[PDB]
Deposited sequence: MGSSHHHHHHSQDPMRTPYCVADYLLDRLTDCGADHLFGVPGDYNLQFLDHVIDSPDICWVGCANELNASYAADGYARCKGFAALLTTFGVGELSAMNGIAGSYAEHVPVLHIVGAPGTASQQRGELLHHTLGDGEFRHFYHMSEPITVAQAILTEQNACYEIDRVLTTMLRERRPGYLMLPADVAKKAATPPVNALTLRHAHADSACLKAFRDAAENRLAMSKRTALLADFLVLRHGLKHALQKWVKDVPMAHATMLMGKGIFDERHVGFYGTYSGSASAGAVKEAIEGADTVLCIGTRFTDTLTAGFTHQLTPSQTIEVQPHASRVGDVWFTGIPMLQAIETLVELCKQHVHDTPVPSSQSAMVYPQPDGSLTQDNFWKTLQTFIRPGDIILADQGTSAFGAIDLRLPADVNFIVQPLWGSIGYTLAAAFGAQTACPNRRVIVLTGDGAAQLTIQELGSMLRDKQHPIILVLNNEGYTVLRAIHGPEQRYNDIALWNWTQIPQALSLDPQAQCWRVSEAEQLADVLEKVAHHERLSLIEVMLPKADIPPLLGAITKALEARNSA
């Protein structure tokens, strides 16, 4: 077992922050997998299918800052394509490793399984190009520096990378690196940073009341502490949108709720949109996050910070890392901003479900909500400290949440994971519940059983049959997907029942599946406003 390219890739994987490898085996990656098994730093996590494996890696990377997925050539990598695209859309650094046929087999154009039968072995590599920031076909002549380049770009951009690893390449000799891969910090040209600073100070110095709006790019680049630190030194009205929920302790002074554009609570609208200067840190104003682009923030009202560029008014200042832009704004805010922010009983409904769940969440929770009433209702939760809130509203792929929960629980085995998934969403990735059971995880899974696609019903054709789903027996699923499930399940239809059951499960001693019976047409407040804005 001499040190080879496969070992080099695994060593670089640990350098980037991953302690587990998700995926599904195939004959093209079995020999690479031997090095994963033997590795003392990387844990193989076999998944029920590649799409779930890619979802799990995404959720894993949202907890550890990095993740890796292993698939087999063609059938595996294409199954995971939607997950990688979601990681690209929401800036999640998931490394897609594709085990591939040997280079000699590729060069002869053989009619191998997992190919289109045309002897071409680069179709799927090119198909991955739009959803990755870097990729490489690893050869004997490029492997180690291509691995470093892709991972480095992945770390810089916080977005997926792709490596095609032919089985013969994996075995090629390599030498262990003396230093851990860490390309680290970049600094703006001091004149460029000074110009930004000067422009931001002029704007901030003339601001009567400043507000702060941070979102998911703060999370992805590891600036959550800095933003928390920011609001503590510099009290001001602050909020996130749905994607970046969890950046702030929502019980802190100056926080009035999540910002949603026009769908926002009245206090939130006044706190953020009423400020003459709003600092938008890592924000993307997507249709869902702004309830149909109904946000009212003018360019002259805002200072914007993006990963490599920041904007003051109409002027953009490019080639500035967001970290330096934030440090600049923090210093400036300490000088020029002086605001002192002034502070169950019946049939289950969306309203009393979320109120009941609000009393249940605790610090340290990992909360995942899928698209549908789960995410659009969970936006109203008042998150305590140290909560990792995982939602995917830009990509919006239902089924992500259940499989991502498995990755998150793998990342943080000692943290309580709460899964908020619709009945429709859970059908798409249900087989990863077996992975949770196999690995003895103890998530609290709440299935919002409204018997179909309620969000779709609220958008169009509520009585149409395409909005119906096959009606599953949810409390029986753990017993079918495990020979001895360490789990308990309940079906609740009353608010007192749910609160009583949530009381029972509180310290998550086993996996909990709570089937929540909800009305077919019941809608959380945010989604009602999103539907109200969909008309023309």
Missing C-alpha coordinates: which residue stretches of the deposited sequence does that apply to? 1 to 16, 360 to 369, 563 to 566
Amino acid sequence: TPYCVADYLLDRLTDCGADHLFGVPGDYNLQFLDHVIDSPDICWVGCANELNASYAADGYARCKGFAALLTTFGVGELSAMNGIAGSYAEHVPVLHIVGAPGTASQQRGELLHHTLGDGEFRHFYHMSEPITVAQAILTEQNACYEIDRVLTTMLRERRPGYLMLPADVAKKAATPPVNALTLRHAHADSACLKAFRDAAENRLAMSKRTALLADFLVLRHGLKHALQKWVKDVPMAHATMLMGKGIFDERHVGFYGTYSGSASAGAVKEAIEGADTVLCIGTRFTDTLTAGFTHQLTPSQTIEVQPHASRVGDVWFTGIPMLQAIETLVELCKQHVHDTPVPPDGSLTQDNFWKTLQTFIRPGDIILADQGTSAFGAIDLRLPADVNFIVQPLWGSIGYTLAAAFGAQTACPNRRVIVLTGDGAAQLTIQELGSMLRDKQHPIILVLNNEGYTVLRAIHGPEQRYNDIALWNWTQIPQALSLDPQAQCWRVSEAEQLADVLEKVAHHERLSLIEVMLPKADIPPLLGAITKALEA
From here on, numbers count along this sequence of modelled residues.
Looking at the deposited entry, does 211 to 219 or 329 to 337 carry the larger mean Cα B-factor? 329 to 337
As the entry reports it, the stretch among 269 to 277 and 442 to 450 with higher mean C-alpha B factor is 269 to 277
By the entry's C-alpha temperature factors, tell me which of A53, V36, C489, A68 sits highest. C489
Reading the B-factor column of the entry, which of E77, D365, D423, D189 has the highest value at its C-alpha atom? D189
Chain third (lowest, middle, highest) by recorded CA B-factor, residue given as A470: highest
The third of the chain into which the C-alpha temperature factor of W354 falls is the lowest
Using the B-factor values recorded in the entry, state whether the Cα atom of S347 falls in the lowest, middle or highest third among the modelled residues of its chain. highest
Where does the C-alpha B-factor of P299 rank in its chain, lowest, middle or highest third? middle
Where does the C-alpha B-factor of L9 rank in its chain, lowest, middle or highest third? lowest
